[PDB]
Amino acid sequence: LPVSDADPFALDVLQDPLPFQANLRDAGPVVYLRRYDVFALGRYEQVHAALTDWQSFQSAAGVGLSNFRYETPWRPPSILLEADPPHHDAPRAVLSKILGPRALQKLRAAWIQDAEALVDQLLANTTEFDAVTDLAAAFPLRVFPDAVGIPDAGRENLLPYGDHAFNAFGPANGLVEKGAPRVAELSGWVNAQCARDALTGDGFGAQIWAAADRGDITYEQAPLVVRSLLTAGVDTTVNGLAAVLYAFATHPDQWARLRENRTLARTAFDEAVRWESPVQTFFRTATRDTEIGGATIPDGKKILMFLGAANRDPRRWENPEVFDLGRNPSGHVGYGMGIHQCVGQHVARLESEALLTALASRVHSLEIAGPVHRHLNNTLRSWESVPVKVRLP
């Protein structure tokens, strides 16, 4: 069994993980990370299988490094993400309906128009702007919390909260050790927003509570289902949108493709999720000795799954380093796979579609105009700044 002291959460890896991915995949199906006493999987075949194999590889002992058999979680674990069947079943079914294609039909017009308003306002203002601040971050922060049905006061808390959540999956470091003085402030505010009386419209929050009335989940599950939406909903989409915008800005070939064929706007996002894999890593815990990739993972030990590495595995993907709108990216693992596969994927897709729709209409050319700054995070490839300059037709 290959053994290595490679550190996936060293700052150099986090800055640029591609060498690490290649080393990982090359070495074998399974690499023992001596530093963390976890078993790493980087190839598409094993990552895909580990993800779907909930029976052998559970989520309730944590999907971060921390082992909940022994270690105190930083917050009450997600009753979706950090739950196994049968406990997972009813909260999952509630969100899978509420966030599913048919349910979002009612929001498509509105999100597309909102994006048009945002893009037209921005371009009226300037042809030189930050793609992160002015687009990737602006847009989800309009439409998503609205659709959930939370108030406008405090929305600035969503990103630091999500950032903390993603950091928490990794080891203790000045990334993860981000607050304490403010973490409790953030947790106090998110939880408050989950209460039935905090929520408005017949938005997603109210629909969770209605499902509870029908007995699909309990009233004590309801706020925690809402909470899932407020932890996973905003930070993933901002950073995913920052990534697709970065990819276009540095791939003028693929921008020209989108312009030519408007329909690639609906599926550009998924190639960007494969290519970038915003969510890089998740852990599982072995429920028993499992023989995967020639290796036996001892019962009780953790696997670390490298979604990025799998999404760039040449065993599965032709020229995987290429950002290619002509790829069929179906079967990518950027949203995971199996029973825990991103229940929010349709929302993220619609957000991307709306924003790309509106931008491709108005923007001939797009270039990097300044240094880009990544925000380092243990789990989520995240973005501080992507300065761009556009040319209008």
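All residue numbers are counted from 1 along the displayed sequence.
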| query | finding |
| --- | --- |
| Mean C-alpha temperature factor, higher of 247-255 and 176-184 | 176-184 |
| 338-346 versus 357-365 - greater average Cα B-factor per the deposited record | 357-365 |
| Among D213, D89, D313, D289 - the residue whose C-alpha B-factor is largest in the record | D289 |
| Residue of maximum C-alpha B factor among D197, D84, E271, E321, per deposited coordinates | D197 |
| Third of the chain, ranked by Cα B-factor, where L392 sits | highest |
| Record-listed C-alpha B factor of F9: chain third | lowest |
| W74 - which third its CA temperature factor falls in, relative to the rest of the chain | middle |
| Position of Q21 among the chain's modelled residues by C-alpha B-factor, lowest, middle or highest third | lowest |
| Third assignment of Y36 from its chain's C-alpha B-factors | highest |
